[PDB]
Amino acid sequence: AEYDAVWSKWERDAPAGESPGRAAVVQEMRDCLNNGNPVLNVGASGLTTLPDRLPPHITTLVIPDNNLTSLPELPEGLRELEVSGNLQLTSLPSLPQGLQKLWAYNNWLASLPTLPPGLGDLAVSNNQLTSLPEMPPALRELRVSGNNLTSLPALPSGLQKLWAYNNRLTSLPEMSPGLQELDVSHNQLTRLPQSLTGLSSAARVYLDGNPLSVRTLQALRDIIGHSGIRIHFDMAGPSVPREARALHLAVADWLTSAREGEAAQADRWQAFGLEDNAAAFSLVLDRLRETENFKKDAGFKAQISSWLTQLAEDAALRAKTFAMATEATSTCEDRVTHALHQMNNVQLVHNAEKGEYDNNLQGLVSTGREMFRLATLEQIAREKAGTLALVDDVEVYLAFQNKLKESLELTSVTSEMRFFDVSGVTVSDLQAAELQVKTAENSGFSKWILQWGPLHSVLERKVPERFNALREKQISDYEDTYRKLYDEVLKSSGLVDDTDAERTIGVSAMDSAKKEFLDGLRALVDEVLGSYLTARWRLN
């Protein structure tokens, strides 16, 4: 019929040397069209062009070792597509809904079409893939090894085996409970999800070749020794310390927006990368960026990216921020959350110094409470971090912010993810953290705000005369107390001649002044912002 005419010109248009192979395929296609052959296997004829039309009935198509650059629109009846050896094939056509097996290996695919809901076997290994489409519910085998993937999409519950060898994965999604084999060997994974512990006792997990953190390695040893799960990883391999990237490279991966000045700002960070402690700051950016939170919520980028802008304009702030990052890198991890908060505080202190809160004392308290809530969540995050073998402080803390943003009025949190579940953190944990945060805020926010850094900056700007009076009084109270205590030792005929005794008396005198100063600041805070320090949450 009409299909025969299309095949005729395809063979006739074949370049020299291809017509013999092209003609041979036509006979197989004609065989399918006449006697309804369900399988069409194009021979390894080196054909570079495929006919625009093919037998619609065929449910199986195989195209091995051909110099193809594109594929014709597939028939709806296909359930098995196998394309291999087409090193010039960089994309596949629209996948039919009824397709069940998709084998595209030893190709140069850079993108993958929308996966049909019925696909169960996907093999796209040895390709140029950088991102995977959403996995079909019926998928049970996923061959994605030998690609440039950095993230894995949501894994269906029915997935049985997954191979991701020699990829660039930096974070792993929560794993399916019924996963027999999981090969993420030789990737850029620094930590693993807690769902790994939920696999079957006989499951084979291959994690060798990844820059797994020392804490993660210790967790795997305990996991294998207590649950009997077959986990293969590097134990006797030397522990590799993290190598910091150039600061501008790390910042560039955050400033990915199309704003006018984002790209130009990133280039400035080349010079900043030579500043002291830049390596520690670079590591912090990569630690936060290589997370499922970053991969799933663009709001995470909007927060860190805007924060970098202020650091680019304030040298003093940027240097102090870098010094904060040294804490996270001094130990291998688990100090990142504390460093991040101290980076926000220094940022707020400079914002207070700039005078943002000079006429927004109500906003200052609101920011203070929010920082107190975030500070409390840090401690709660650490507590759950120890309980969870494969989860650290950062991942737990991010989950608390995302779920408790509305519960605790955390306006600072730009991430709004409700379907993002971090295994190991149950609803009972969130409610306890939500209750504990509210309990602490009502009980001791007034004490907390006294030592808050931004409050001192704002007080120095809007109540300087009274603020400096307290500071001057502390000097006078210390001097008077020192002379008072100095004489008391003299009456006891104690040691006052030696310098150390004078120093020890000074600390006693200095402590007394600090107690006097703290009480004075408490009264001043109540006078200025006392009305804003009332209990926020109605509790039981």
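Throughout, we count residues from 1 along the sequence that is shown.
Once the C-alpha B-factors are averaged per stretch, 239 to 247 and 357 to 365 rank with 239 to 247 first. With 45 to 53 and 510 to 518 compared on mean CA B-factor from the PDB entry, the stretch scoring higher is 45 to 53.
Out of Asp267, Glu76, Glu395, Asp314, it is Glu76 whose C-alpha atom has the highest B-factor in the PDB entry. Looking only at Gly444, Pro454, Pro156, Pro173, the residue with the top Cα B factor in the deposited structure is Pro156. Per the PDB record, residue ranking by Cα B-factor puts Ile505 in the lowest third of the chain. Among the modelled residues of its chain, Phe322 has a C-alpha B-factor that falls in the lowest third, as given in the PDB entry. Placement of the Cα temperature factor of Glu378 within the chain: middle third of the modelled residues, per the deposited record. Looking at the C-alpha B-factors along this chain, the one for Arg483 belongs to the middle third.
Ranked by Cα temperature factor within the chain, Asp234 sits in the highest third according to the deposited record.
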